[PDB]
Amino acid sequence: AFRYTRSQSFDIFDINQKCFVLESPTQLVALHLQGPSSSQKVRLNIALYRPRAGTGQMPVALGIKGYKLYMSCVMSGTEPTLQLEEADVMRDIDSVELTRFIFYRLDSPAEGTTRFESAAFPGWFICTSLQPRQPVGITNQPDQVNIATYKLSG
């Protein structure tokens, strides 16, 4: 279904200038990182795929640069959930199972902004809370009492 083409490292902030930090090995949080801290801003190793809903055609995997993790969407209980998984770089995404790692990168080129829609859970988008120091998650109500819009810089 998808084959790896290349990876590129990006800084990422949400539209309210929160960045990501790895709060614990399986949870990203979003916060305004101000002044100096011990807390280290997350960068993304964005792996671009080629194919061999509302889903637009830059399929990508999102690697948490320097932590050897990739974002995934899976069901937890009965609810779609964003999680972080220890995973190596995947050359082939060729199963429903592996599609958990794929998001469609949706750029608004005019505006320089980006949304990320799950391939495994179409209609679900990576989101942050309006409040700082809360988990990064997924929502089927993007940008409705959450933030699902980002600015990436390479």
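In this text, residue numbers run from 1 along the sequence as written.
In this entry, no coordinate-free residues of the deposited sequence separate residue 68 from residue 69. For the pair 143-151 and 1-9, the record assigns the higher mean C-alpha temperature factor to 1-9. The stretch with the higher mean CA B factor, choosing between 102-110 and 30-38, is 30-38. For the set 126, 96, 61, 64, the maximum C-alpha B-factor listed in the entry falls on 96. In this PDB entry, the Cα temperature factor of residue 135 sits in the middle third of its chain's modelled residues. Annotation for residue 43: CA B-factor lies in the middle third of the chain's modelled residues.
Split the chain's modelled residues into thirds by C-alpha temperature factor. Residue 90 is in the middle one.
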